[PDB]
There are 2 protein chains.
Amino acid sequence: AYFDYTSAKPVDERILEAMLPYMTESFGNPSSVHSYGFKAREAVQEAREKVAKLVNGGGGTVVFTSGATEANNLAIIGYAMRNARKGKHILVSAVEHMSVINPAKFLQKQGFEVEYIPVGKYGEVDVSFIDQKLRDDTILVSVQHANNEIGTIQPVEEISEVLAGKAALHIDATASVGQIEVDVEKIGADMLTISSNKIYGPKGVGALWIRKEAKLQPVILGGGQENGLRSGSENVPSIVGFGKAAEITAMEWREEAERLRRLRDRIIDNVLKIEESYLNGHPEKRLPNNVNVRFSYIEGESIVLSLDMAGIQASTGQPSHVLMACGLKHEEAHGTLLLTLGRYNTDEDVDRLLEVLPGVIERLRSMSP
Amino acid sequence: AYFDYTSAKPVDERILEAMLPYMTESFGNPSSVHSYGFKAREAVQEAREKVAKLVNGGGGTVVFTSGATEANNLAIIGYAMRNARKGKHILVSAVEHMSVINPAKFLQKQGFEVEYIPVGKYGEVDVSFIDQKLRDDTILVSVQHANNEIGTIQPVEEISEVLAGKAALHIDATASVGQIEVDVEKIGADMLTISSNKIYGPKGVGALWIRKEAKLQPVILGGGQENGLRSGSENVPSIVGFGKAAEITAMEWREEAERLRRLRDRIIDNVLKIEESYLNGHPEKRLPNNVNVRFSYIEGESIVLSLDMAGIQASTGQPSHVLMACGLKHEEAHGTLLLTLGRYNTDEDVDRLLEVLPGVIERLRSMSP
Ligand SMILES: Cc1ncc(COP(=O)(O)O)c(CN)c1O
Ligand SMILES: Cc1ncc(COP(=O)(O)O)c(CN)c1O
Ligand SMILES: [Ca+2]
Ligand SMILES: [Ca+2]
Ligand SMILES: [Cl-]
Ligand SMILES: [Cl-]
């Protein structure tokens with residue numbers, strides 16, 4: 001029973017089917033000026049449209065990348081380096097993915113003033129902090145749409161109203177696309193990170209959606225693909241799969257989200273029956289697929305081990321920077337179990353989790369001094 | 001009939017077969033600490049071994065990337081930024097791929113002294129130039145193993161002897177792996193770029209092989225995968241395909257090279273029967289898969305168009321920086337046709353090319369004033 005979807009997902013069989021013809025039969029380079037080239041270019045353009053449409057991104061351009069990490073690097077470093085003449089103050093949430101944090105830290109070494117936005121006890125960013133700390137030399141703000149570790153949905157719409165026409169807003173939507181509504185006009189994104197595999201597309205591809213008139217400096221240099229912003233011969237099969245994923249997700253995500261919510265709530269209601277159990281992240285303003293719970297007197301790693309031994313895959317998340325930002329003590333954060341759900345989970349999976357987990361907690365507590 | 005293999009290749013059916021299980025069934029993240037994670041990690045390690053073995057790279061480490069462009073960026077910018085305290089003089093060949101040149105140009109903006117190595121009339125780099133221009137503050141030299149446009153094989157072994165224990169040698173081997181012998185001990189590479197699709201693996205993956213004790217600064221920042229040098233969740237299916245490609249290439253490349261040579265020589269012998277036809281690149285020290293010819297009074301683009309119309313895919317290569325570096329005039333470089341061969345070419349393809357091409361040249365010349 002697999003409850004580790006936020007670490008990796010399976011490629012939907014429908015997506016694979018769409019990809020395969022581009023591997024072997026129609027394998028052209030989109031830059032080539034012959035019929036094989038043309039078909040590849042047409043496939044890429046299509047795929048590009050399907051990704052844009054998913055997030056209502058007609059007001060900007062999709063840039064294909066090798067995944068969310070590269071796209072986050074491009075958003076943070078690409079925008080900041082390109083726009084540094086307008087100011088060098090940057091605001092980054094304390095609970096961002098490391099593929100946003102470490103680029104921010106790189107910019108600190110390049111002379112940018114990076115100020116981290118604190119979060120409250122459920123991991124919600126402090127919007128009054130952003131309003132207070134916003135300056136005329138603030139050029140960029142990065143706040144994730146939601147947190148993939150503790151599930152909390154961020155108030156990005158409220159943030160966008162604070163930042164309107166003063167600083168660019170980068171929103172990492174890796175955890176939210178296909179889970180909750182992601183409309184770059186509603187949330188006011190200027191840049192939006194998207195992961196292919198998080199919507200059951202192929203690994204190894206993703207995108208940064210960039211709003212019209214937002215200028216970036218490329219990170220990857222070369223033959224000038226992606227209109228100069230991201231060089232390298234197009235990975236047409238992965239792009240096509242990503243496109244198919246996006247189209248499928250546009251049609252199916254609302255139903256899937258409700259199904260996952262149903263399984264999530266079953267898990268949470270019952271797991272919290274365990275003595276001295278605690279939910280991490282917001283209990284309602286929360287991704288449909290996320291259950292993050294900690295247990296007194298226990299190590300998360302041993303839960304994960306015990307669950308593995310019983311054929312259940314899970315995660316725990318140097319303790320998590322996210323949990324520490326919410327104010328957990330070292331000992332509290334060490335007892336954390338992360339169950340993340342997905343397209344192929346069943347009621348039987350949840351039955352199985354719920355039959356095993358209470359005894360796992362009991363045994364590990366028997367061991368605590 | 002497809003003669004544009006250096007723009008894109010088909011994925012070998014055997015490679016696809018190896019990849020597929022990791023798409024849907026065994027889809028774990030190698031960083032995950034459960035059975036799905038373990039299998040993914042084992043697959044990646046294996047694949048990694050198979051790529052290293054192909055280039056005799058036991059004396060270093062394979063770093064997986066999204067392809068040759070990213071790997072070239074990593075080699076040039078990663079090494080240079082990391083080692084800049086030892087000097088900031090860099091030597092780059094005049095005929096390098098743009099995914100080496102544009103990173104070099106980026107470094108020029110960062111205060112590095114980049115000096116371009118000239119080539120002679122067949123595109124061979126001037127080794128006496130390198131010896132003359134090598135200084136105690138030269139930290140890096142980038143010379144491709146061979147040129148994918150004009151086919152010329154570079155004297156990298158001789159270059160390595162000049163540079164032994166004074167400057168790092170980066171060799172872009174994107175055009176050579178699987179065509180000619182690539183042994184990083186024989187050619188003295190400190191960093192070696194490898195492309196997956198160039199050996200009929202999946203697009204969207206490649207590697208930089210890095211010799212032990214060579215230090216690089218990462219370009220892509222995040223979760224610290226690839227031992228910190230290249231962050232991002234592993235694209236396990238593409239890595240596995242790359243690995244399979246490498247294993248297959250180790251076994252089959254010598255036979256394939258001879259077959260391609262046989263087809264190449266047929267083409268060259270007969271195409272040069274055309275009046276005022278000229279081979280570009282060295283006629284013997286040349287990749288088995290490369291035919292680059294120009295024709296007086298003609299535009300390469302119209303040849304390519306005419307060939308497309310007859311169901312033959314080819315290429316022409318702001319004129320090519322490679323051809324201009326060899327000293328061609330604008331008008332000469334504009335008349336260039338690039339036929340690149342591959343695993344699936346047949347004698348019938350060559351028959352077809354040779355039946356069509358002479359009449360194509362005649363018609364286009366009828367049009368010249
Ligand atoms: C010799 C050489 N170097 C590297 C590259 C870059 O490869 P890619 O566009 O697949 O990233 C190319 C272009 N196919 C090449 O032929
Ligand atoms: C919210 C979030 N941001 C982006 C990433 C980076 O994704 P990847 O490792 O696939 O590049 C992750 C890690 N899965 C994530 O969950
Ligand atoms: Ca603006
Ligand atoms: Ca050394
Ligand atoms: Cl909160
Ligand atoms: Cl020469």
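In what follows, chains carry the letters A, B, and so on, assigned in the order in which the sequence lines appear, proteins first and then strands, with residues in each chain numbered from 1. Side-chain atoms are counted along with the backbone in the values below, which use heavy atoms only and exclude waters and symmetry mates.
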Visitor: Quick check: do A:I220 and B:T69 have side-chain heavy atoms less than 4.5 Å from each other?
Guide: yes

Visitor: What residue in A:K105, A:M98, A:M309, A:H97 has the most heavy-atom pairs under 4.5 Å with chain B?
Guide: A:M98

Visitor: Is a side-chain N or O of B:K203 found less than 3.5 angstrom from the main chain of A:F27, in a donor-acceptor match?
Guide: yes

Visitor: Checking B:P103 against chain A: side chain, backbone, both or neither under 4.5 Å from a heavy atom?
Guide: both

Visitor: Mind checking the CE-CE spacing from B:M19 to A:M23? Nearest 0.5 Å is all I need.
Guide: 4.5 Å

Visitor: Applying side chain to side chain contact (heavy atoms under 4.5 Å, CB included), run through B:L20 and A:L20 and close with a yes or a no.
Guide: CA-CA 10 Å; B:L20 287 181; A:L20 287 181; 4.2 Å; yes

Visitor: In Å and rounded to the nearest 0.5 Å, what is the CG to NE2 distance from B:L307 to A:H34?
Guide: 10.5 Å

Visitor: Between A:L221, A:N235, A:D308, A:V205, who has the most heavy-atom pairs with chain B when the cutoff is under 4.5 Å?
Guide: A:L221

Visitor: Working to the nearest 0.5 angstrom, can you tell me the gap between B:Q225 CD and A:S99 OG?
Guide: 9.5 Å

Visitor: Ignoring hydrogens and angles, tell me if any N or O in the side chain of B:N29 forms a donor-acceptor pair with the backbone of A:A8 under 3.5 Å.
Guide: no

Visitor: Does any heavy atom of chain A fall under 4.5 Å from the side chain of B:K9, the backbone, both, or neither of them?
Guide: backbone

Visitor: B:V100 versus chain A, heavy atoms under 4.5 Å apart: side chain, backbone, both or neither?
Guide: neither

Visitor: For the OG atom of A:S35 and the CD atom of B:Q313, what is their distance to the nearest 0.5 Å?
Guide: 4.5 Å

Visitor: When rounded to the nearest 0.5 angstrom, what is the spacing between OG1 in A:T24 and OH in B:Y200?
Guide: 14.0 Å

Visitor: What part of B:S7 gets closer than 4.5 Å to chain A, counting heavy atoms only: side chain, backbone, both or neither?
Guide: both

Visitor: What option among A:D4, A:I77, A:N73, A:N102 has the most heavy-atom pairs under 4.5 Å with chain B?
Guide: A:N73

